[PDB]
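Only one structure is covered here, and it is reproduced in the block below.
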Amino acid sequence: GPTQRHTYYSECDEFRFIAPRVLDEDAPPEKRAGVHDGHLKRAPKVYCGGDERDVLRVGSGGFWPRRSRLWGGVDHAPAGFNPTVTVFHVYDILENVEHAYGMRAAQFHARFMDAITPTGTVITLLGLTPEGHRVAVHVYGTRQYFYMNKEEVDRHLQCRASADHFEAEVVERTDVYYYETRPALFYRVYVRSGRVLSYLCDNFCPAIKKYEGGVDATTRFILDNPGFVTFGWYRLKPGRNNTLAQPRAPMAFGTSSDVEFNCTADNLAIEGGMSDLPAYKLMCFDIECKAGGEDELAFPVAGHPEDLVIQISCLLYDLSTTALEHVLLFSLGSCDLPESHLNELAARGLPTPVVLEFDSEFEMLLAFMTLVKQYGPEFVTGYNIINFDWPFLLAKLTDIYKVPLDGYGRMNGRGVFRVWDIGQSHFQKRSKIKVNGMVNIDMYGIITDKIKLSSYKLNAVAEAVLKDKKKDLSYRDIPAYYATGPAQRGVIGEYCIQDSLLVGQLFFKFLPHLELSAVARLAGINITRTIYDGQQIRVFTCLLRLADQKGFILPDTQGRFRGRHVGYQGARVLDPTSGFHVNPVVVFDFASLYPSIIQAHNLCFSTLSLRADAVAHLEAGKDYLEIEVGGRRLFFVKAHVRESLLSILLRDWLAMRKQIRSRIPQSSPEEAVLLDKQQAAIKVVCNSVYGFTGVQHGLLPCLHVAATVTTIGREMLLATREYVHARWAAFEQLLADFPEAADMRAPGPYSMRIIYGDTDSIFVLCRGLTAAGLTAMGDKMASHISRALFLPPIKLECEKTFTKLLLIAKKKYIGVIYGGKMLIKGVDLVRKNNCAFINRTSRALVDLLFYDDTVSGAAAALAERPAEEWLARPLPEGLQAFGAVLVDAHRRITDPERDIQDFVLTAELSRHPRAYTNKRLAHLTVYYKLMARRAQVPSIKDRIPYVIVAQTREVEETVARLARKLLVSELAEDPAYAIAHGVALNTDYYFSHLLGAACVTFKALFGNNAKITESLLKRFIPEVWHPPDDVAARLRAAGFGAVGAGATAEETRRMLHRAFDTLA
Amino acid sequence: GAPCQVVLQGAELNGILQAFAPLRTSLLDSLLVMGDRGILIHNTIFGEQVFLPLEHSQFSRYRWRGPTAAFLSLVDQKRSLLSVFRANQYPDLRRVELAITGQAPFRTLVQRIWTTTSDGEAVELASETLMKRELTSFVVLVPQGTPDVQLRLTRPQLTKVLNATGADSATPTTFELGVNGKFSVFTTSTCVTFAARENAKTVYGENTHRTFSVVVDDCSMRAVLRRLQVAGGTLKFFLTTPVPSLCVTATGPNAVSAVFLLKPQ
DNA sequence: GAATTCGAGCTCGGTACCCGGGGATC
DNA sequence: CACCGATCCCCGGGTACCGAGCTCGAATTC
Ligand SMILES: Nc1nc2c(ncn2COCCOP(=O)(O)OP(=O)(O)OP(=O)(O)O)c(=O)[nH]1
Ligand SMILES: [Mg+2]
Ligand SMILES: [Mg+2]
Ligand SMILES: [Mg+2]
Ligand SMILES: [Mg+2]
């Protein structure tokens, strides 16, 4: 029936029965270990409670929901289904070649067959209607194209004008790189069957410059039709002359959708006025796996046929109403969810778990993939589903069971169901996943860039984000649970369900789909490219829209392409006037600095002129800026000559950030925190416009624009510093500019000296002014400076006011904002490295310095001496409480109870552990210890917890086996091991690093001398030493009496008298 | 002044400077047990227990109030409270004051320096005044009772007695004292002997009739006495202990001692 | 002929870079 | 095939002196 063969299993009668033997209740007490294996002939069965039915039989009943209309060709909709479709939210846009010979029987109109005649690319808009119907509109037309310079190709390939898939025309674009560039004549070369251009852009005549050959068909669709968005409401429109949408027949359905159409871009309209999000479904799944080999304490491995998936939690929310609708639990073997768990679910209003039981692992995974195809969740989520869950399942389904996943997406076949991992590609910054018409939002990646945690395990995230003390099931306890009866398998099922409920709670706290969709709408990319393909394609697509409007073309450069080096000079970081500053420190800083420079100075590719001929007919200072960038003179013509393209691009994104910030003052605190993070994400997309120019070997770079941006930034920072130092050097000039300074004059000698700066900020240490209305006057100071020095889009604004600041080092400082909060800026309390123990005690110390008066007085007194003078005389008596904390931590680190989760350091793997050159790192040691023990090996950007275990003869010989003072990368156990085996921690290391963190922070109190600080911090600690064991014994055998701890003072004094006479 | 005040101006600092003069950095990473009756500087060299009593009579004024105090000598773990008393560390020193100020569990010691100038005045080199804190919990095991028999030696005599001693676990030594004074330090391939009377051939000792044969296990006994660069002195034996001990105390102005543990008969 | 600064000669930590990597700050 | 930038601090590991000790014996001194 179907015109496109359906490549998901609608039917099976024989499969590969793998299953544990411990499932077999009638079998002798030791014929239990290992797994079954081997082919079995029966359609895969699912047992829901007492009932049973074949997994792939849609029929009347069903143990899980289904949103599918077709299933293997049979049309399972109620007869008379013919919904009218007038508006249809679009969430994903696929694109796929479609051959007019393949669609003979699909019975289209002419105007789609002629748009695919040998072949076309068809842009499928996937979506919903207001009534919950899964739409799929196929947009015929819409062919990719690039440009090649007319003369260049004509000479490089003589021209005097099957060969008709490359229709061309002569257009008059202009290259985007320079102001001097002239509009040449190009050829616009219409490729169809888009993949073919990927050859013809790397391989056809590579000495010609192809202009827009990287722009896929989706972007041509979004941009060529003005208004269109990749995520938003649409509407079917009457068409060019009257041509309409052509509702397909259920056999010609290409996707699993309910209704389908064959439109062209003229049959669609953007339909603003709808804003809301339709009834789209969210799956939040989570697999649980068992290891079934000889060592069933090894971590499962997907390739091993006996290390099997056992359970799949699967929650099915409604994305609009946020309502959990179904709680499915797939289970290998019997699984009785505990009554306590069932009752907590019923208490919370959540649906009852539908536990589905299977015999074989294949039946479970086939039923899960049948649910994924049948329900067809538009959005999937989970926690670490891109690094573990989907890779485990797809490894099983493709290696072990040979199931084609190309049809289990939203298309019925020939679709992408791929996962990508960093896997020493050295450019992939993340592991991606692309199932078609299914938006995988792994909440792992959504949380790693919304909260700073040392460990991002889901329990740690649940505690930190939801404040929800979950109980974790270690993969080591799953054999012992699974091996017992159905009730313990039910306990595993409880922990699976609770995992997925926590992940749904995270998803609906952050709502990543909404924020991501705002970005996808504004950029022009689909939402999956927003989730995965970096910042440069956002900027590139927005710039491509602008360029194509303005009549430019963006040359193709990577066709001409295949540590810690830099391409140009970045920003100025002034040298801090380090120290504890107890006077007010106003922080001015430019708002949207580099975007404001790009707009103020009209920086672009199209406005740059490297040569002074292009501007030889324009006035200087009035028509063009002239700047020495990188030692090279650069002329940037101003607007009213040519508007920058980066300016208009930035307009859109800066409006988005400003609207998100305009909803912060009027929101709850917990939702203002999310709004803060969303405006920070849009800030990153604004700074990535700058960053996109200055990305070498990136799409469309101009290190002249990027170096100009930073060059003007450095001149603005210095210009601001000299303005503040020149204008307000004396208090009378401050009073002349702002008469409200009269009521701010604190008793001291006034001064206003920049004591630090960074790319845009300047920290003005306002002596002699009160902090009270120093922010109220700082707004006016900032407006004055922005008006005197800088062009309109540039805006200096008083950001903070510190009543106390500890300018430690360049990008390090601590300070209590006015009457208010602590701001900690790069001082290792805000760093994911350390162990909770040191972080906690360092925080206690900085709170003492700032909040406890009488340690802030003592600390501010520490600066009346040069640092070394403190080495001899005692620190002022206020610092005594500052040393009590250190003393307590010394005590508290030796005391033998020491749950070692306080001592777990982390570090991110951050590249394939063979891509390191310095391979002697602690987290790499632990990575290889984990891979040696068959444990859960981390992934390339995971964080690798580790403890520093005590130097013992045992650890030493173990290290020499795998191969004085061992390195801390050889004393590098991981905490699960170091708890199981009670190996005791390296107190020497942990206390030396406690003092190291204290010393790094508080060297600012002692003139930034780390050694003086180090000495003065170790003074607090109570030193003790005893004549060591095996030695005091034999000395006590010689009548050596003890003098010290274990005696009264008279006995110690007296026996010293005796010793002095003896030893005399 | 300070509640514990220990004053070493010159004309007693030259005594103490002569005590540290035997050419040592050795007793720097030591522990000073101050208290009544003086300061005792105990250190461990190669595994052996070295002591330097500094009686209260060996400071220009010694006053101590409160419980016994123990300082690591290594101030800040680089400098040292005793590096001042080296031979020529600070050329022109005139006076050193050692004042302890505090309350028993947490005291601090300050050590001041004063270097000479002309026309009778003293520059306080405040770059190099040192401040250390009492150890506040410790135990040290000091030598006890009395010797049963002590034998006084000299510089070449003790050098040849050390020469007799061994190199490794191959070579145990033996400090046999026979009847009537035949004190003798042998090994397999070495022997030394001398007579002890209570011209050139008279060592002195006390209770020499108490014969014995202690036996030394550790080669380090040679090395220690050269690290100290000891110039000869009393050699005192303790045999009323389960593990007998020999102390060796330089006979010069100072009392630097080293106790080694002897195996039985 | 017995002693003995002296001067190579070594060891044993500093101290100074110095490079990679983590991971901050713009 | 993939893909925002730079600056910059700290820390661990790795290297190179460098000198301050001591030590060792071999001449120089009783
Ligand atoms: N390419 C790139 N550059 C970045 C990035 N971050 C900083 N820069 C440099 O900062 C310029 C001004 O710093 P801010 O982002 O604090 O100030 P802002 O952008 O001006 O926004 P607000 O100052 O209003 O918060 C980045 O992620 N990518
Ligand atoms: Mg999950
Ligand atoms: Mg997972
Ligand atoms: Mg800014
Ligand atoms: Mg800033």
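Throughout, protein chains are lettered first and strands after them, A, B, ... in sequence-line order, and every chain is numbered starting at 1.
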By nearest atom, which of the nucleotides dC9(D), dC4(D), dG22(C) is closest to the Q536(A) side chain? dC4(D)
When you match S969(A) and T25(B) each to their closest nucleotide on DNA chain D, which lands nearer the 5' end? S969(A)
Length of the CD1-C1' vector between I940(A) and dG21(C), whole Å: 15 Å
Taking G757(A)'s backbone N and O only, do any of them form a donor-acceptor pair with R572(A)'s side chain (distance below 3.5 Å, no angle check)? no
Has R920(A) got more than 12 heavy atoms of other residues, nucleotides or ligands less than 6.0 Å from its CZ? no
Which listed nucleotide (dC4(D), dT23(D), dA3(C)) is nearest to the side chain of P156(B)? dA3(C)
How are the rings of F561(A) and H697(A) set to each other: parallel, tilted or perpendicular (split at 30° and 60°)? parallel
Tell me whether the side-chain N/O atoms of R943(A) come closer than 4.0 Å to OP1 or OP2 in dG23(C). yes
Looking only at side-chain N and O atoms, does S425(A) come under 4.0 Å of OP1 or OP2 in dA2(D)? no
Whole-Å gap separating P (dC4(D)) and OH (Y568(A)): 13 Å
Does the base of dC3(D) carry an N or O that pairs as donor and acceptor with the side chain of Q428(A) under 3.5 Å? no
Would you please test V1000(A) and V827(A) for side chain to side chain contact (heavy atoms under 4.5 Å, CB included) and show each step? CA-CA 8 Å; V1000(A) 157; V827(A) 290; over 6 Å; no
Using a cut-off of less than 4.0 Å, is there contact between a side-chain N or O of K810(A) and OP1 or OP2 of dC8(D)? yes
Could you please name the partner base of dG22(C), counting Watson-Crick and G-U wobble pairs only when both distances are under 3.5 Å? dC9(D)
What integer distance in Å separates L823(A):CG from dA24(C):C1'? 13 Å
Closer than 4.0 angstrom, basic N to acidic O: yes or no for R529(A) and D216(A)? yes
Which nucleotide in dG5(D), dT7(D), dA20(D) has an atom nearest any side-chain atom of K811(A): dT7(D)
Report which part of the nucleic acid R86(B) touches: base, sugar-phosphate, or nothing (heavy-atom distance under 4.0 Å, all strands). sugar-phosphate
Could you tell me which nucleotide pairs with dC3(D) by Watson-Crick or G-U wobble geometry, both distances under 3.5 Å, or answer none if nothing does? none
Taking the nucleotide of DNA chain D with the closest heavy atom to each, which residue, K1003(A) or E970(A), is nearer the 5' end? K1003(A)
In whole angstrom, what separates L807(A)'s CG from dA24(C)'s P? 20 Å
Using whole Å, what does the distance between atom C1' of nucleotide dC10(D) and atom CG of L921(A) come to? 14 Å
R562(A) near the nucleic acid: base, sugar-phosphate alone, or nothing, with a heavy-atom cut-off under 4.0 Å? base
Closest-nucleotide 5' rank along DNA chain C - winner of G563(A) and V827(A): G563(A)
Rounded to whole Å, CD1 of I537(A) lies from P of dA2(D) at a distance of 13 Å
4.5 Å side-chain heavy-atom contact, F802(A) and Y813(A): yes
Among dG12(D), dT23(D), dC8(D), which nucleotide has an atom closest to any side-chain atom of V573(A)? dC8(D)
Answer yes or no: does atom CZ of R560(A) have more than 12 heavy-atom neighbours from other residues, nucleotides or ligands under 6.0 Å? yes
Can you tell me if the side-chain N/O atoms of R226(B) get under 4.0 Å from OP1 or OP2 in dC24(D)? yes
For a quick test of your reading: what N or O donor-acceptor pairs under 3.5 Å do the side chains of residues 682-691 of chain A make, sequence neighbours left out?
unit_1	atom_1	unit_2	atom_2	d
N687(A)	ND2	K683(A)	O	3.4
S688(A)	OG	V684(A)	O	2.4
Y690(A)	OH	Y568(A)	OH	3.1

Round to a whole Å and report the spacing from CG of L593(A) to P of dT7(D). 15 Å
So, OP1 or OP2 of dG21(C): does either fall under 4.0 Å of a side-chain N or O from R911(A)? yes
Name the nucleic acid region contacted by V684(A), choosing base, sugar-phosphate or nothing; use a 4.0 angstrom heavy-atom cut-off, strictly under. base
Do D76(B) side-chain atoms and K78(B) backbone N/O form a donor-acceptor pair below 3.5 Å? no
Find the distance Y916(A):OH to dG22(C):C1' and express it as a whole number of Å. 9 Å
G-U wobble or Watson-Crick pair formed by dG19(D) and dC12(C) (both under 3.5 Å): yes
Assess whether a salt bridge exists between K432(A) and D533(A), defined as any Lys/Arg side-chain N lying under 4.0 Å from an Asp/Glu carboxylate O. yes
Under 4.0 angstrom, heavy atoms only, what part of the nucleic acid is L28(B) near: base, sugar-phosphate, or nothing? nothing
Less than 4.0 angstrom between a side-chain N/O of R430(A) and OP1 or OP2 of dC3(D), yes or no? no
Taking only side-chain N and O atoms of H923(A), does any of them lie within less than 4.0 angstrom of OP1 or OP2 on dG22(C)? yes
Touch check for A706(A), heavy atoms < 4.0 angstrom, all strands: base, sugar-phosphate only, or nothing? nothing
Quick one: is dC3(D) close enough that its OP1 or OP2 comes under 4.0 Å of any side-chain N or O from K432(A)? yes
Ring pucker hemisphere for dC4(D), per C1'-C2'-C3'-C4' torsion: north
Categorize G826(A) for me: base, sugar-phosphate, or nothing, with a 4.0 angstrom heavy-atom threshold over every strand shown. sugar-phosphate
Between protein and nucleic acid, restricted to nucleotides 14-19 of chain D and to nitrogen or oxygen atoms under 3.5 Å apart, what atom pairs and distances do you find?
unit_1	atom_1	unit_2	atom_2	d
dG14(D)	OP1	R920(A)	NE	3.1

Over all strands shown, is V685(A) touching base, sugar-phosphate only, or nothing at heavy-atom distances under 4.0 angstrom? nothing
Among the nucleotides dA2(D), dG23(C), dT25(C), whichever has the atom closest to the side chain of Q558(A) is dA2(D)
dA6(D) phosphate, OP1 or OP2, under 4.0 Å from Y690(A) side-chain N/O: no
Could you check whether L23(B) gets within reach of a base, just the sugar-phosphate, or nothing at all, counting any heavy atom under 4.0 Å? sugar-phosphate
Under a 3.5 Å limit on both key distances, is there a Watson-Crick or G-U wobble pair between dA8(C) and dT23(D)? no
On the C1'-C2'-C3'-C4' criterion (positive north, negative south), the furanose of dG5(D) is north
For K1011(A), report the nucleic acid contact type (base, sugar-phosphate, nothing); a contact means any heavy atom under 4.0 Å. nothing
Are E908(A) and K832(A) close enough that some pair of their side-chain heavy atoms sits under 4.5 Å apart? no
For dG21(C) and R564(A) - does any side-chain N or O of the residue sit under 4.0 Å from the phosphate oxygens OP1/OP2? no
If the cut-off is 4.0 Å, is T917(A) near the phosphate of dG21(C), judged by side-chain N/O to OP1 or OP2? yes
Of the candidate nucleotides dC4(D), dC11(D), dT23(D), which contains the atom at the shortest distance from the side chain of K429(A)? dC4(D)
Ring geometry between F20(B) and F85(B) (parallel below 30°, tilted from 30 to 60°, perpendicular above 60°): tilted
For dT29(D), the Watson-Crick or wobble counterpart (both distances under 3.5 Å): none
